[PDB]
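Asker: Sharing start28.pdb below, PDB, N, CA and C atoms:
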```pdb
ATOM      1  N   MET F   1      -2.582  -6.821  -3.617
ATOM      2  CA  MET F   1      -1.401  -6.796  -2.726
ATOM      3  C   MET F   1      -1.061  -8.188  -2.186
ATOM      4  N   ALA F   2      -2.113  -8.911  -1.802
ATOM      5  CA  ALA F   2      -1.999 -10.284  -1.289
ATOM      6  C   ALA F   2      -1.258 -11.220  -2.265
ATOM      7  N   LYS F   3      -1.745 -11.165  -3.494
ATOM      8  CA  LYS F   3      -1.282 -11.994  -4.610
ATOM      9  C   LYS F   3       0.100 -11.590  -5.165
ATOM     10  N   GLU F   4       0.189 -10.356  -5.636
ATOM     11  CA  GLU F   4       1.344  -9.861  -6.419
ATOM     12  C   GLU F   4       2.656  -9.739  -5.635
ATOM     13  N   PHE F   5       2.516  -9.219  -4.413
ATOM     14  CA  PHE F   5       3.676  -8.906  -3.569
ATOM     15  C   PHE F   5       4.028  -9.918  -2.475
ATOM     16  N   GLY F   6       3.055 -10.770  -2.131
ATOM     17  CA  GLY F   6       3.173 -11.718  -1.006
ATOM     18  C   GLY F   6       2.827 -11.045   0.341
ATOM     19  N   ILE F   7       1.602 -10.520   0.370
ATOM     20  CA  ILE F   7       1.001  -9.858   1.551
ATOM     21  C   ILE F   7      -0.222 -10.650   2.056
ATOM     22  N   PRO F   8      -0.486 -10.582   3.360
ATOM     23  CA  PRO F   8      -1.826 -10.907   3.859
ATOM     24  C   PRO F   8      -2.697  -9.649   3.844
ATOM     25  N   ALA F   9      -3.999  -9.870   3.699
ATOM     26  CA  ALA F   9      -5.005  -8.791   3.743
ATOM     27  C   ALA F   9      -4.915  -7.857   4.969
ATOM     28  N   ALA F  10      -4.379  -8.422   6.053
ATOM     29  CA  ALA F  10      -3.976  -7.726   7.294
ATOM     30  C   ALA F  10      -3.263  -6.392   7.012
ATOM     31  N   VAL F  11      -2.186  -6.459   6.230
ATOM     32  CA  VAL F  11      -1.329  -5.277   5.990
ATOM     33  C   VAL F  11      -1.763  -4.409   4.790
ATOM     34  N   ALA F  12      -2.376  -5.037   3.802
ATOM     35  CA  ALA F  12      -2.973  -4.332   2.651
ATOM     36  C   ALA F  12      -4.160  -3.425   3.049
ATOM     37  N   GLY F  13      -4.890  -3.847   4.079
ATOM     38  CA  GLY F  13      -5.974  -3.062   4.696
ATOM     39  C   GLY F  13      -5.465  -1.784   5.391
ATOM     40  N   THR F  14      -4.328  -1.921   6.069
ATOM     41  CA  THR F  14      -3.596  -0.796   6.688
ATOM     42  C   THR F  14      -3.144   0.248   5.661
ATOM     43  N   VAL F  15      -2.677  -0.219   4.507
ATOM     44  CA  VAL F  15      -2.419   0.618   3.313
ATOM     45  C   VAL F  15      -3.652   1.435   2.877
ATOM     46  N   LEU F  16      -4.821   0.802   2.879
ATOM     47  CA  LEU F  16      -6.095   1.479   2.544
ATOM     48  C   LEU F  16      -6.443   2.647   3.471
ATOM     49  N   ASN F  17      -6.156   2.466   4.759
ATOM     50  CA  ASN F  17      -6.281   3.531   5.780
ATOM     51  C   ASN F  17      -5.539   4.819   5.362
ATOM     52  N   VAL F  18      -4.290   4.623   4.937
ATOM     53  CA  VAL F  18      -3.423   5.688   4.377
ATOM     54  C   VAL F  18      -4.132   6.514   3.280
ATOM     55  N   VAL F  19      -4.725   5.786   2.341
ATOM     56  CA  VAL F  19      -5.404   6.378   1.168
ATOM     57  C   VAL F  19      -6.655   7.178   1.614
ATOM     58  N   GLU F  20      -7.487   6.506   2.410
ATOM     59  CA  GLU F  20      -8.785   7.006   2.899
ATOM     60  C   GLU F  20      -8.690   8.293   3.747
ATOM     61  N   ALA F  21      -7.651   8.350   4.571
ATOM     62  CA  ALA F  21      -7.438   9.425   5.554
ATOM     63  C   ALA F  21      -6.382  10.483   5.208
ATOM     64  N   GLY F  22      -5.511  10.194   4.236
ATOM     65  CA  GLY F  22      -4.318  11.017   3.948
ATOM     66  C   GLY F  22      -3.263  10.921   5.072
ATOM     67  N   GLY F  23      -3.013   9.676   5.477
ATOM     68  CA  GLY F  23      -2.255   9.346   6.704
ATOM     69  C   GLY F  23      -0.799   8.903   6.454
ATOM     70  N   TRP F  24      -0.068   8.861   7.567
ATOM     71  CA  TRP F  24       1.360   8.492   7.598
ATOM     72  C   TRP F  24       1.598   7.055   7.128
ATOM     73  N   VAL F  25       2.144   6.973   5.915
ATOM     74  CA  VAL F  25       2.669   5.694   5.402
ATOM     75  C   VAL F  25       3.760   5.064   6.299
ATOM     76  N   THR F  26       4.443   5.880   7.103
ATOM     77  CA  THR F  26       5.519   5.416   8.019
ATOM     78  C   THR F  26       5.064   4.305   8.979
ATOM     79  N   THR F  27       3.872   4.471   9.562
ATOM     80  CA  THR F  27       3.231   3.461  10.422
ATOM     81  C   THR F  27       2.862   2.188   9.647
ATOM     82  N   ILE F  28       2.280   2.404   8.473
ATOM     83  CA  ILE F  28       1.885   1.344   7.526
ATOM     84  C   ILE F  28       3.099   0.497   7.072
ATOM     85  N   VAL F  29       4.196   1.182   6.743
ATOM     86  CA  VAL F  29       5.467   0.558   6.316
ATOM     87  C   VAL F  29       5.978  -0.490   7.327
ATOM     88  N   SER F  30       5.922  -0.170   8.623
ATOM     89  CA  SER F  30       6.302  -1.120   9.700
ATOM     90  C   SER F  30       5.453  -2.403   9.687
ATOM     91  N   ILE F  31       4.145  -2.220   9.492
ATOM     92  CA  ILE F  31       3.153  -3.321   9.520
ATOM     93  C   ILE F  31       3.367  -4.242   8.295
ATOM     94  N   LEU F  32       3.676  -3.607   7.171
ATOM     95  CA  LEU F  32       4.004  -4.242   5.883
ATOM     96  C   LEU F  32       5.289  -5.085   5.949
ATOM     97  N   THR F  33       6.360  -4.465   6.449
ATOM     98  CA  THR F  33       7.674  -5.116   6.581
ATOM     99  C   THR F  33       7.733  -6.205   7.662
ATOM    100  N   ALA F  34       6.912  -6.064   8.700
ATOM    101  CA  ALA F  34       6.690  -7.103   9.733
ATOM    102  C   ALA F  34       6.307  -8.489   9.158
ATOM    103  N   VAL F  35       5.682  -8.472   7.978
ATOM    104  CA  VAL F  35       5.395  -9.661   7.141
ATOM    105  C   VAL F  35       6.687 -10.279   6.560
ATOM    106  N   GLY F  36       7.608  -9.392   6.171
ATOM    107  CA  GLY F  36       8.879  -9.737   5.500
ATOM    108  C   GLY F  36       8.940  -9.095   4.105
ATOM    109  N   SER F  37       9.133  -9.985   3.139
ATOM    110  CA  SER F  37       9.349  -9.622   1.722
ATOM    111  C   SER F  37       8.215  -8.824   1.073
ATOM    112  N   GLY F  38       6.973  -9.180   1.416
ATOM    113  CA  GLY F  38       5.748  -8.491   0.940
ATOM    114  C   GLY F  38       5.778  -6.968   1.108
ATOM    115  N   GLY F  39       6.257  -6.523   2.270
ATOM    116  CA  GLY F  39       6.424  -5.093   2.584
ATOM    117  C   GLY F  39       7.433  -4.406   1.649
ATOM    118  N   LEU F  40       8.587  -5.058   1.536
ATOM    119  CA  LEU F  40       9.728  -4.579   0.729
ATOM    120  C   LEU F  40       9.431  -4.471  -0.775
ATOM    121  N   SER F  41       8.776  -5.490  -1.309
ATOM    122  CA  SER F  41       8.328  -5.522  -2.720
ATOM    123  C   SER F  41       7.330  -4.405  -3.065
ATOM    124  N   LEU F  42       6.407  -4.117  -2.144
ATOM    125  CA  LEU F  42       5.491  -2.956  -2.258
ATOM    126  C   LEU F  42       6.285  -1.641  -2.265
ATOM    127  N   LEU F  43       7.211  -1.526  -1.317
ATOM    128  CA  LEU F  43       8.060  -0.320  -1.178
ATOM    129  C   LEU F  43       8.937  -0.001  -2.400
ATOM    130  N   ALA F  44       9.368  -1.044  -3.086
ATOM    131  CA  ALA F  44      10.123  -0.925  -4.356
ATOM    132  C   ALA F  44       9.295  -0.338  -5.516
ATOM    133  N   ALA F  45       7.981  -0.601  -5.508
ATOM    134  CA  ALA F  45       7.082  -0.290  -6.637
ATOM    135  C   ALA F  45       7.124   1.164  -7.123
ATOM    136  N   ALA F  46       7.032   2.102  -6.180
ATOM    137  CA  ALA F  46       7.180   3.548  -6.468
ATOM    138  C   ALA F  46       7.880   4.330  -5.340
ATOM    139  N   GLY F  47       9.023   3.774  -4.938
ATOM    140  CA  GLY F  47       9.852   4.300  -3.821
ATOM    141  C   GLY F  47      10.170   5.803  -3.952
ATOM    142  N   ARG F  48      10.655   6.150  -5.133
ATOM    143  CA  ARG F  48      11.050   7.507  -5.544
ATOM    144  C   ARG F  48       9.910   8.543  -5.461
ATOM    145  N   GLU F  49       8.766   8.168  -6.027
ATOM    146  CA  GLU F  49       7.557   9.012  -6.079
ATOM    147  C   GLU F  49       6.736   9.016  -4.771
ATOM    148  N   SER F  50       7.431   8.603  -3.708
ATOM    149  CA  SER F  50       6.902   8.269  -2.370
ATOM    150  C   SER F  50       5.757   7.236  -2.445
ATOM    151  N   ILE F  51       5.935   6.143  -1.709
ATOM    152  CA  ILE F  51       4.852   5.155  -1.502
ATOM    153  C   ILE F  51       3.546   5.798  -0.991
ATOM    154  N   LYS F  52       3.691   6.872  -0.230
ATOM    155  CA  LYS F  52       2.571   7.666   0.312
ATOM    156  C   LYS F  52       1.655   8.183  -0.810
ATOM    157  N   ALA F  53       2.214   9.058  -1.656
ATOM    158  CA  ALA F  53       1.496   9.636  -2.804
ATOM    159  C   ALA F  53       1.062   8.591  -3.842
ATOM    160  N   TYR F  54       1.906   7.573  -4.014
ATOM    161  CA  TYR F  54       1.643   6.388  -4.853
ATOM    162  C   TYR F  54       0.291   5.742  -4.517
ATOM    163  N   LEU F  55       0.195   5.173  -3.327
ATOM    164  CA  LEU F  55      -1.019   4.456  -2.881
ATOM    165  C   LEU F  55      -2.249   5.351  -2.810
ATOM    166  N   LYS F  56      -2.007   6.581  -2.366
ATOM    167  CA  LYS F  56      -3.046   7.610  -2.276
ATOM    168  C   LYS F  56      -3.782   7.857  -3.598
ATOM    169  N   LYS F  57      -2.995   8.101  -4.642
ATOM    170  CA  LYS F  57      -3.559   8.271  -5.994
ATOM    171  C   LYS F  57      -3.999   6.928  -6.621
ATOM    172  N   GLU F  58      -3.148   5.910  -6.505
ATOM    173  CA  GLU F  58      -3.388   4.609  -7.147
ATOM    174  C   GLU F  58      -4.713   3.992  -6.674
ATOM    175  N   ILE F  59      -4.913   3.942  -5.362
ATOM    176  CA  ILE F  59      -6.138   3.325  -4.800
ATOM    177  C   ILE F  59      -7.359   4.232  -4.940
ATOM    178  N   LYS F  60      -7.126   5.549  -4.981
ATOM    179  CA  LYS F  60      -8.175   6.532  -5.283
ATOM    180  C   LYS F  60      -8.839   6.349  -6.654
ATOM    181  N   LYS F  61      -8.046   5.782  -7.547
ATOM    182  CA  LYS F  61      -8.438   5.424  -8.921
ATOM    183  C   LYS F  61      -8.919   3.966  -9.061
ATOM    184  N   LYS F  62      -8.193   3.086  -8.385
ATOM    185  CA  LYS F  62      -8.350   1.624  -8.403
ATOM    186  C   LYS F  62      -9.671   1.129  -7.769
ATOM    187  N   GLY F  63      -9.826   1.443  -6.484
ATOM    188  CA  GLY F  63     -10.902   0.876  -5.647
ATOM    189  C   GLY F  63     -10.389  -0.214  -4.688
ATOM    190  N   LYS F  64     -10.410   0.172  -3.420
ATOM    191  CA  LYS F  64      -9.913  -0.567  -2.242
ATOM    192  C   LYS F  64     -10.079  -2.099  -2.179
ATOM    193  N   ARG F  65     -11.250  -2.590  -2.562
ATOM    194  CA  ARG F  65     -11.570  -4.031  -2.577
ATOM    195  C   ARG F  65     -10.605  -4.881  -3.420
ATOM    196  N   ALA F  66     -10.348  -4.390  -4.622
ATOM    197  CA  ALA F  66      -9.373  -4.986  -5.554
ATOM    198  C   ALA F  66      -7.930  -4.937  -5.046
ATOM    199  N   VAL F  67      -7.644  -3.961  -4.187
ATOM    200  CA  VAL F  67      -6.305  -3.759  -3.591
ATOM    201  C   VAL F  67      -6.001  -4.853  -2.553
ATOM    202  N   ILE F  68      -7.034  -5.250  -1.818
ATOM    203  CA  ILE F  68      -7.025  -6.453  -0.952
ATOM    204  C   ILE F  68      -6.555  -7.690  -1.741
ATOM    205  N   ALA F  69      -7.117  -7.869  -2.949
ATOM    206  CA  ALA F  69      -6.713  -8.976  -3.840
ATOM    207  C   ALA F  69      -5.304  -8.815  -4.428
ATOM    208  N   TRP F  70      -5.069  -7.621  -4.975
ATOM    209  CA  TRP F  70      -3.824  -7.195  -5.651
ATOM    210  C   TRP F  70      -2.568  -7.429  -4.798
TER     211      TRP F  70
END
```
Let me see whether you can do it: turn the structure in this file into structure tokens.
Answerer:
Amino acid sequence: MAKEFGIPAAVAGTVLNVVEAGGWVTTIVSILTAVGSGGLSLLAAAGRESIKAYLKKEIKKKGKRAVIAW
């Protein structure tokens, strides 16, 4: 997330919370967009299929540590 989208680990970690707990992406989205472009670029990735279900399945398969880098 840090590399690909232009995020700090700050907001990518908040995304991990979503995955781990089955939590509201709505709160996470604010923290992401507070960065600027990094938030928006993530939101574009699977907007339609909900960013919620996206990250939930994607990181469940991926592994959280790599998502910090990604």
Asker: With only N, CA and C atoms as the basis for distance, which of F:59, F:53, F:68, F:43 is at the shortest distance from residue 10 in chain F?
Answerer: F:68
Asker: Can you give me, as number ranges by chain, the residues this file yields under the PyMOL selection byres (((chain F and resi 16 and name CA) around 9) and name CA)?
Answerer: F: 11-15, 17-21, 55-56, 59, 64, 67-68
Asker: So that I can check the surroundings of range 26-40 of chain F, please list as an NGL selection string every protein, DNA and RNA residue that reaches within 5 Å of it, counting all atoms listed in the file and ignoring chain neighbours fewer than 2 positions away.
Answerer: :F and (5-7 or 24 or 42-44)
Asker: Can you measure atom C of residue 4 in chain F to atom N of residue 57 in chain F for me? One decimal in Å is fine.
Answerer: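 The value is 18.7 Å.
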Asker: Box in all listed atoms of range 25-37 of chain F, axis-aligned, with 4 Å more on each side; write out centre and edge lengths in Å to one decimal as JSON.
Answerer:
```
{"center_x": 5.6, "center_y": -1.7, "center_z": 5.7, "size_x": 15.5, "size_y": 25.3, "size_z": 17.3}
```
Asker: Considering only C-alpha atoms, state which residue in the set F:9, F:1, F:25, F:69 is at the smallest distance from residue 47 in chain F.
Answerer: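 Among the listed residues, F:25 lies closest to residue 47 in chain F.
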Asker: Could you state the separation of CA of residue 23 in chain F and CA of residue 2 in chain F in Å, given to one decimal place?
Answerer: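 Computed distance, CA of residue 23 in chain F to CA of residue 2 in chain F, equals 21.2 Å.
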Asker: Provide the atom N of residue 66 in chain F to CA of residue 48 in chain F distance in Å, to one decimal place.
Answerer: 24.5 Å
Asker: Give the alpha helix (DSSP H) residues of chain F, as assigned by DSSP on the backbone, as a VMD selection string.
Answerer: chain F and resid 9 to 21 25 to 33 37 to 45 51 to 62 64 to 69
Asker: Take the structure in the block and write a file for range 10-68 of chain F, C-alpha atoms, as a PDB file, in the first residue's frame.
Answerer:
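File produced: decode_14.pdb:
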```pdb
ATOM      1  CA  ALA F  10      -0.138   4.688   9.269  1.00  0.00           C
ATOM      2  CA  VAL F  11      -3.237   4.247   7.054  1.00  0.00           C
ATOM      3  CA  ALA F  12      -2.428   0.803   5.560  1.00  0.00           C
ATOM      4  CA  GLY F  13      -2.389  -0.548   9.161  1.00  0.00           C
ATOM      5  CA  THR F  14      -5.934   0.843   9.671  1.00  0.00           C
ATOM      6  CA  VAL F  15      -6.958  -1.139   6.540  1.00  0.00           C
ATOM      7  CA  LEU F  16      -5.605  -4.306   8.266  1.00  0.00           C
ATOM      8  CA  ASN F  17      -7.929  -3.661  11.249  1.00  0.00           C
ATOM      9  CA  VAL F  18     -10.874  -3.872   8.785  1.00  0.00           C
ATOM     10  CA  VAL F  19      -9.708  -7.311   7.554  1.00  0.00           C
ATOM     11  CA  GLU F  20      -8.872  -8.732  11.032  1.00  0.00           C
ATOM     12  CA  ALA F  21     -12.160  -7.676  12.702  1.00  0.00           C
ATOM     13  CA  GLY F  22     -14.727  -7.539   9.832  1.00  0.00           C
ATOM     14  CA  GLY F  23     -15.021  -3.782  10.502  1.00  0.00           C
ATOM     15  CA  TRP F  24     -16.377  -0.583   8.911  1.00  0.00           C
ATOM     16  CA  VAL F  25     -14.245   0.463   5.956  1.00  0.00           C
ATOM     17  CA  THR F  26     -16.067   3.874   6.270  1.00  0.00           C
ATOM     18  CA  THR F  27     -13.806   4.902   9.213  1.00  0.00           C
ATOM     19  CA  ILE F  28     -10.715   3.545   7.400  1.00  0.00           C
ATOM     20  CA  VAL F  29     -11.640   5.475   4.186  1.00  0.00           C
ATOM     21  CA  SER F  30     -11.437   8.841   6.082  1.00  0.00           C
ATOM     22  CA  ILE F  31      -7.953   7.985   7.467  1.00  0.00           C
ATOM     23  CA  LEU F  32      -6.818   6.909   3.953  1.00  0.00           C
ATOM     24  CA  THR F  33      -8.141  10.039   2.173  1.00  0.00           C
ATOM     25  CA  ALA F  34      -6.693  12.319   4.921  1.00  0.00           C
ATOM     26  CA  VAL F  35      -3.331  11.406   3.248  1.00  0.00           C
ATOM     27  CA  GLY F  36      -4.697  12.645  -0.134  1.00  0.00           C
ATOM     28  CA  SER F  37      -4.192  10.697  -3.367  1.00  0.00           C
ATOM     29  CA  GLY F  38      -3.098   7.421  -1.653  1.00  0.00           C
ATOM     30  CA  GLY F  39      -6.625   6.956  -0.221  1.00  0.00           C
ATOM     31  CA  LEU F  40      -8.339   7.643  -3.570  1.00  0.00           C
ATOM     32  CA  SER F  41      -6.068   5.303  -5.597  1.00  0.00           C
ATOM     33  CA  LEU F  42      -6.833   2.442  -3.131  1.00  0.00           C
ATOM     34  CA  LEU F  43     -10.579   3.226  -3.394  1.00  0.00           C
ATOM     35  CA  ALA F  44     -10.433   2.990  -7.221  1.00  0.00           C
ATOM     36  CA  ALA F  45      -8.882  -0.536  -7.100  1.00  0.00           C
ATOM     37  CA  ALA F  46     -12.146  -2.444  -6.412  1.00  0.00           C
ATOM     38  CA  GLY F  47     -14.736   0.320  -5.805  1.00  0.00           C
ATOM     39  CA  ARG F  48     -17.623  -1.662  -7.363  1.00  0.00           C
ATOM     40  CA  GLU F  49     -16.950  -4.929  -5.460  1.00  0.00           C
ATOM     41  CA  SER F  50     -16.824  -2.796  -2.270  1.00  0.00           C
ATOM     42  CA  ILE F  51     -13.385  -1.881  -0.861  1.00  0.00           C
ATOM     43  CA  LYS F  52     -14.691  -3.591   2.326  1.00  0.00           C
ATOM     44  CA  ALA F  53     -15.074  -7.108   0.832  1.00  0.00           C
ATOM     45  CA  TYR F  54     -12.004  -6.449  -1.385  1.00  0.00           C
ATOM     46  CA  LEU F  55      -9.473  -5.911   1.445  1.00  0.00           C
ATOM     47  CA  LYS F  56     -11.175  -8.507   3.634  1.00  0.00           C
ATOM     48  CA  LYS F  57     -10.628 -11.320   1.122  1.00  0.00           C
ATOM     49  CA  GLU F  58      -7.429  -9.908  -0.471  1.00  0.00           C
ATOM     50  CA  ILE F  59      -5.473  -9.557   2.811  1.00  0.00           C
ATOM     51  CA  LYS F  60      -6.969 -12.815   4.158  1.00  0.00           C
ATOM     52  CA  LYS F  61      -5.105 -14.475   1.277  1.00  0.00           C
ATOM     53  CA  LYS F  62      -2.122 -12.078   1.025  1.00  0.00           C
ATOM     54  CA  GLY F  63      -0.802 -11.658   4.596  1.00  0.00           C
ATOM     55  CA  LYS F  64      -0.877  -8.311   6.454  1.00  0.00           C
ATOM     56  CA  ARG F  65       2.917  -7.659   6.626  1.00  0.00           C
ATOM     57  CA  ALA F  66       3.240  -7.509   2.822  1.00  0.00           C
ATOM     58  CA  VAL F  67       0.206  -5.151   2.730  1.00  0.00           C
ATOM     59  CA  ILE F  68       2.218  -2.623   4.806  1.00  0.00           C
TER      60      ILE F  68
END
```
